[PDB]
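Shown below, as C-alpha coordinates, is a lone chain in the form deposited in one PDB entry; questions about how it binds or moves come after it.
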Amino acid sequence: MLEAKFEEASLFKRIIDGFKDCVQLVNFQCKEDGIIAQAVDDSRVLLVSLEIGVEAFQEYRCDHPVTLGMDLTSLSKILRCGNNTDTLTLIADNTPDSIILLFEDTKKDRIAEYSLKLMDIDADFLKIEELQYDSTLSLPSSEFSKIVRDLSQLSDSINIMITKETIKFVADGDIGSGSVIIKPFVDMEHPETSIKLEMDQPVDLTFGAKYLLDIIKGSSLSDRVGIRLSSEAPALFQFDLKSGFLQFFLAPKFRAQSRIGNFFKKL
(Lines give C-alpha, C1' and ligand atoms only; values in the text may rest on other atoms or scores of the structure.)
Protein backbone atom coordinates (compact mmCIF):
# COMPACT_ATOMS: atom_id res chain seq x y z
CA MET A 1 0.00 0.00 0.00
CA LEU A 2 1.25 3.41 -1.14
CA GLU A 3 0.05 6.84 0.07
CA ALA A 4 2.00 9.85 -1.25
CA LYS A 5 0.47 13.32 -0.83
CA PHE A 6 1.82 16.38 -2.66
CA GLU A 7 1.13 19.69 -0.98
CA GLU A 8 0.36 21.22 -4.39
CA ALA A 9 -0.66 19.05 -7.35
CA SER A 10 1.18 21.38 -9.77
CA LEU A 11 4.46 19.97 -8.40
CA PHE A 12 3.87 16.46 -9.64
CA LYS A 13 2.52 17.94 -12.87
CA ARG A 14 5.63 20.14 -13.40
CA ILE A 15 7.74 17.03 -12.73
CA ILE A 16 5.89 14.82 -15.22
CA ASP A 17 5.97 17.70 -17.72
CA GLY A 18 9.74 17.75 -17.19
CA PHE A 19 10.21 14.54 -19.14
CA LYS A 20 7.18 13.61 -21.12
CA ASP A 21 8.07 14.54 -24.68
CA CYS A 22 11.50 12.85 -24.07
CA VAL A 23 10.03 9.43 -23.08
CA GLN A 24 6.36 8.32 -22.77
CA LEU A 25 6.38 4.95 -20.93
CA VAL A 26 8.13 5.20 -17.58
CA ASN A 27 8.46 2.85 -14.61
CA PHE A 28 8.00 4.76 -11.35
CA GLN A 29 9.46 2.58 -8.61
CA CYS A 30 8.16 3.58 -5.20
CA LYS A 31 10.37 2.74 -2.35
CA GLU A 32 10.12 3.70 1.26
CA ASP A 33 12.79 6.39 0.75
CA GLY A 34 10.71 8.14 -1.96
CA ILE A 35 9.93 7.63 -5.64
CA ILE A 36 12.56 7.11 -8.33
CA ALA A 37 12.17 6.80 -12.08
CA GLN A 38 14.58 6.21 -14.97
CA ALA A 39 13.93 6.33 -18.73
CA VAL A 40 15.89 6.55 -22.01
CA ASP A 41 14.55 8.07 -25.20
CA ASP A 42 14.17 5.78 -28.20
CA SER A 43 17.38 7.15 -29.78
CA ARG A 44 19.32 6.01 -26.67
CA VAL A 45 21.22 9.29 -26.21
CA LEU A 46 19.20 10.93 -23.38
CA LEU A 47 18.55 9.36 -19.97
CA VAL A 48 16.03 10.91 -17.61
CA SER A 49 16.51 10.17 -13.90
CA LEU A 50 14.00 11.15 -11.23
CA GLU A 51 14.38 11.16 -7.45
CA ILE A 52 11.73 12.50 -5.06
CA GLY A 53 12.54 12.26 -1.33
CA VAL A 54 9.77 11.51 1.23
CA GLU A 55 10.66 15.03 2.49
CA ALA A 56 9.23 16.56 -0.72
CA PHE A 57 5.70 15.30 0.16
CA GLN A 58 3.24 16.59 2.75
CA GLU A 59 2.94 12.93 3.80
CA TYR A 60 4.36 9.72 2.20
CA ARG A 61 4.25 6.03 3.16
CA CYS A 62 5.13 2.93 1.10
CA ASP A 63 4.70 -0.46 2.89
CA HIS A 64 6.38 -2.47 0.13
CA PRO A 65 8.48 -1.45 -2.89
CA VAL A 66 6.07 -1.16 -5.82
CA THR A 67 6.55 -0.46 -9.54
CA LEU A 68 4.02 1.77 -11.32
CA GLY A 69 4.20 1.54 -15.10
CA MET A 70 2.54 4.63 -16.58
CA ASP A 71 1.82 6.24 -19.94
CA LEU A 72 2.97 9.80 -19.26
CA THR A 73 0.63 11.39 -21.80
CA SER A 74 -2.41 9.73 -20.21
CA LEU A 75 -1.08 10.51 -16.73
CA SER A 76 -0.70 14.13 -17.81
CA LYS A 77 -4.28 14.10 -19.07
CA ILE A 78 -5.32 13.22 -15.53
CA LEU A 79 -2.84 15.67 -13.98
CA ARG A 80 -4.49 18.62 -15.77
CA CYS A 81 -7.68 17.83 -13.84
CA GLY A 82 -6.29 19.61 -10.78
CA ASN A 83 -7.00 23.13 -9.57
CA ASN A 84 -3.21 23.78 -9.61
CA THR A 85 -3.07 24.20 -5.80
CA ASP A 86 -5.00 21.03 -4.96
CA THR A 87 -3.91 18.18 -2.67
CA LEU A 88 -2.75 15.43 -5.04
CA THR A 89 -2.39 12.04 -3.37
CA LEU A 90 -1.07 9.06 -5.31
CA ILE A 91 -2.46 5.82 -3.86
CA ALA A 92 -1.96 2.18 -4.87
CA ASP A 93 -2.33 -1.36 -3.51
CA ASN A 94 -0.25 -4.59 -3.35
CA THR A 95 -0.01 -5.80 -6.93
CA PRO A 96 -1.82 -2.82 -8.46
CA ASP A 97 -3.16 -2.93 -12.00
CA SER A 98 -4.07 0.72 -11.56
CA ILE A 99 -3.12 3.72 -9.38
CA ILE A 100 -5.53 6.29 -7.95
CA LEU A 101 -5.13 10.07 -8.00
CA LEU A 102 -7.24 11.93 -5.40
CA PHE A 103 -7.46 15.71 -5.89
CA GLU A 104 -8.55 17.52 -2.70
CA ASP A 105 -9.48 21.20 -2.29
CA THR A 106 -9.20 23.14 1.00
CA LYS A 107 -12.82 24.41 0.58
CA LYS A 108 -13.80 20.71 0.95
CA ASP A 109 -17.31 19.60 -0.16
CA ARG A 110 -15.26 18.99 -3.33
CA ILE A 111 -12.97 15.97 -3.89
CA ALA A 112 -12.12 14.31 -7.25
CA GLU A 113 -10.90 10.72 -7.58
CA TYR A 114 -9.23 9.64 -10.82
CA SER A 115 -7.89 6.14 -11.57
CA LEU A 116 -5.00 5.62 -13.99
CA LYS A 117 -4.77 2.17 -15.58
CA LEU A 118 -1.25 0.83 -15.09
CA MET A 119 0.99 -0.73 -17.76
CA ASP A 120 3.61 -3.49 -17.92
CA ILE A 121 6.88 -1.82 -19.11
CA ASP A 122 10.08 -3.92 -19.49
CA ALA A 123 12.73 -2.11 -17.44
CA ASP A 124 16.16 -1.41 -18.93
CA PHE A 125 17.83 0.35 -15.92
CA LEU A 126 21.44 1.56 -16.44
CA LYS A 127 23.86 1.98 -13.51
CA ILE A 128 24.82 5.67 -13.51
CA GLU A 129 28.63 5.83 -13.42
CA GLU A 130 30.05 7.72 -10.47
CA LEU A 131 32.54 9.89 -12.37
CA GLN A 132 34.33 13.22 -11.86
CA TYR A 133 33.46 15.99 -14.35
CA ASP A 134 36.09 18.36 -15.82
CA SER A 135 33.87 21.50 -15.54
CA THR A 136 30.68 21.82 -13.49
CA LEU A 137 28.71 25.04 -13.84
CA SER A 138 25.44 26.50 -12.59
CA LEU A 139 23.20 29.26 -13.95
CA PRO A 140 19.54 30.26 -13.67
CA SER A 141 17.32 27.77 -15.49
CA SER A 142 15.54 30.84 -16.90
CA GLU A 143 18.61 32.13 -18.80
CA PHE A 144 19.82 28.66 -19.88
CA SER A 145 16.55 27.82 -21.65
CA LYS A 146 16.76 31.20 -23.40
CA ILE A 147 20.33 30.45 -24.52
CA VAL A 148 19.27 27.02 -25.78
CA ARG A 149 16.05 28.31 -27.39
CA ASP A 150 17.85 31.15 -29.19
CA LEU A 151 20.71 29.16 -30.70
CA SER A 152 18.58 26.17 -31.72
CA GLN A 153 17.00 28.35 -34.41
CA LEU A 154 20.39 28.42 -36.10
CA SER A 155 21.76 24.85 -35.98
CA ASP A 156 21.04 21.22 -35.20
CA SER A 157 24.03 21.22 -32.83
CA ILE A 158 24.90 23.46 -29.89
CA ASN A 159 28.44 23.36 -28.50
CA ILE A 160 29.38 24.16 -24.89
CA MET A 161 32.94 25.30 -24.18
CA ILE A 162 34.37 25.91 -20.71
CA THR A 163 37.68 27.81 -20.62
CA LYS A 164 38.95 29.80 -17.66
CA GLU A 165 35.95 31.59 -16.34
CA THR A 166 34.42 31.51 -19.82
CA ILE A 167 31.30 29.56 -20.76
CA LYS A 168 30.73 29.77 -24.51
CA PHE A 169 27.66 28.41 -26.30
CA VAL A 170 28.03 28.33 -30.09
CA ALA A 171 25.77 27.13 -32.90
CA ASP A 172 26.81 27.06 -36.57
CA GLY A 173 24.25 26.23 -39.22
CA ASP A 174 23.11 26.86 -42.78
CA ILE A 175 21.59 30.34 -42.40
CA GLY A 176 24.46 31.41 -40.05
CA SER A 177 25.80 31.14 -36.51
CA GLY A 178 25.64 32.47 -32.92
CA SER A 179 27.75 32.93 -29.81
CA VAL A 180 26.60 33.75 -26.30
CA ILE A 181 29.41 34.07 -23.76
CA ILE A 182 28.79 34.19 -20.00
CA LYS A 183 31.34 34.60 -17.21
CA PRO A 184 31.11 33.67 -13.51
CA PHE A 185 29.91 36.31 -11.05
CA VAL A 186 28.13 36.60 -7.70
CA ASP A 187 25.45 39.27 -7.20
CA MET A 188 24.65 39.00 -3.46
CA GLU A 189 22.19 41.90 -3.74
CA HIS A 190 19.98 39.20 -5.41
CA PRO A 191 22.04 35.94 -5.30
CA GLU A 192 19.63 33.66 -7.17
CA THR A 193 21.55 34.57 -10.34
CA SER A 194 25.23 33.66 -9.98
CA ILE A 195 27.11 31.83 -12.69
CA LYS A 196 29.42 29.41 -10.84
CA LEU A 197 31.97 27.73 -13.15
CA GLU A 198 34.31 25.29 -11.39
CA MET A 199 36.89 24.06 -13.94
CA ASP A 200 39.52 21.35 -13.58
CA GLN A 201 40.08 20.75 -17.31
CA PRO A 202 38.65 22.65 -20.28
CA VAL A 203 35.75 20.97 -22.05
CA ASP A 204 34.40 21.40 -25.60
CA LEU A 205 31.37 19.16 -26.14
CA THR A 206 28.63 19.29 -28.82
CA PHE A 207 25.05 18.11 -28.30
CA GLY A 208 21.98 17.79 -30.46
CA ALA A 209 19.85 20.89 -30.02
CA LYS A 210 16.69 18.76 -30.13
CA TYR A 211 17.70 16.94 -26.94
CA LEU A 212 18.66 20.20 -25.21
CA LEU A 213 15.25 21.61 -26.15
CA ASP A 214 13.66 18.75 -24.21
CA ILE A 215 16.11 19.16 -21.33
CA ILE A 216 15.18 22.80 -20.71
CA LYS A 217 11.61 21.71 -19.98
CA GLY A 218 12.92 20.82 -16.52
CA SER A 219 13.29 24.56 -15.87
CA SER A 220 9.83 24.62 -14.25
CA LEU A 221 11.22 22.67 -11.25
CA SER A 222 14.26 24.70 -10.14
CA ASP A 223 15.49 28.28 -10.43
CA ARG A 224 18.93 27.12 -11.55
CA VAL A 225 20.21 24.31 -13.74
CA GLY A 226 23.44 22.64 -12.70
CA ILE A 227 25.43 21.39 -15.74
CA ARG A 228 28.43 19.10 -15.34
CA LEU A 229 30.56 18.37 -18.38
CA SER A 230 33.31 15.80 -18.88
CA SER A 231 35.64 15.35 -21.87
CA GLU A 232 34.41 11.84 -22.57
CA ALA A 233 31.21 11.01 -20.79
CA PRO A 234 27.57 12.17 -20.92
CA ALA A 235 26.83 15.69 -19.73
CA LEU A 236 24.67 16.12 -16.64
CA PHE A 237 21.87 18.61 -16.64
CA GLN A 238 20.17 18.71 -13.26
CA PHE A 239 17.16 20.56 -11.90
CA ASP A 240 16.99 20.37 -8.13
CA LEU A 241 13.79 19.41 -6.33
CA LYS A 242 12.56 20.01 -2.78
CA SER A 243 14.64 17.01 -1.76
CA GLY A 244 15.08 15.15 -5.01
CA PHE A 245 16.01 15.97 -8.56
CA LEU A 246 15.41 15.55 -12.26
CA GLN A 247 18.53 14.57 -14.16
CA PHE A 248 19.17 14.41 -17.91
CA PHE A 249 22.20 12.46 -19.05
CA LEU A 250 23.10 13.53 -22.58
CA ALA A 251 25.42 11.44 -24.72
CA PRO A 252 27.58 14.03 -26.52
CA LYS A 253 28.56 14.19 -30.20
CA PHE A 254 32.23 13.33 -30.98
CA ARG A 255 30.64 14.67 -34.62
CA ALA A 256 29.03 11.19 -34.40
CA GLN A 257 26.13 10.96 -31.93
CA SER A 258 27.15 8.47 -29.28
CA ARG A 259 24.62 6.35 -27.44
CA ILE A 260 24.14 6.34 -23.69
CA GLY A 261 24.72 2.57 -23.48
CA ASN A 262 28.35 3.13 -24.51
CA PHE A 263 28.90 4.45 -20.97
CA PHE A 264 26.16 2.89 -18.85
CA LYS A 265 25.54 -0.83 -18.49
CA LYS A 266 22.35 -2.67 -17.49
CA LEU A 267 21.63 -3.96 -13.97
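Each form is matched to the other, and the largest set of C-alpha atoms that superpose within 1.5 Å is called the rigid core. One rule holds for the numbers: they count along the sequence shown, beginning at 1.
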- How many residues that are in the deposited sequence but not in the model lie between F254 and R255: none, 1 to 3, 4 to 9, or 10 or more? 10 or more
- Residue range whose averaged C-alpha B-factor is higher in the record, 123 to 131 or 169 to 177: 123 to 131
- Mean temperature factor over C-alpha atoms, higher-scoring stretch between 204 to 212 and 52 to 60: 52 to 60
- Message: Comparing recorded Cα B-factors across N159, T73, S155, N83, which one is largest?
- Response: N83
- In this crystal structure's PDB entry, the residue among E143, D150, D93, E113 with the greatest CA B factor is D93
- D240 - Cα temperature factor, lowest/middle/highest third of chain: middle
- Would you check the entry's CA temperature factor for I78 and let me know if it's in the chain's lowest, middle or highest third? lowest
- Considering only modelled residues of the same chain, in which third does the CA B-factor of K217 rank: lowest, middle or highest? lowest
- Message: Splitting the chain's C-alpha B-factors into thirds, which one does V40 fall into?
- Response: lowest
- Task: Give the position of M199 by CA B-factor within its chain, expressed as the lowest, middle or highest third.
- Result: highest
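One more form of this protein, solved in complex with a partner chain, exists but is not displayed; see below.
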- Task: Look up in the bound PDB entry whether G18 has a non-hydrogen atom within 4.5 angstroms of its partner chain, and give yes or no.
- Result: no
- Looking at the partner-bound form in the bound PDB entry, is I160 within 4.5 Å of its partner chain by any heavy atom? no
- Message: Test of understanding: in the bound PDB entry, would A233 fall inside 4.5 Å of its partner chain by heavy atoms?
- Response: yes
- Item | Any non-hydrogen atom of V45 within 4.5 angstroms of its partner chain in the bound PDB entry | yes
- Quick one: of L50, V26, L229, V40, which gets a non-hydrogen atom within 4.5 angstroms of its partner chain in the bound PDB entry? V40
- Of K127, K146, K196, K77, Cα shift of 2 Å or more between the shown form and the other one on rigid-core superposition seen only for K127
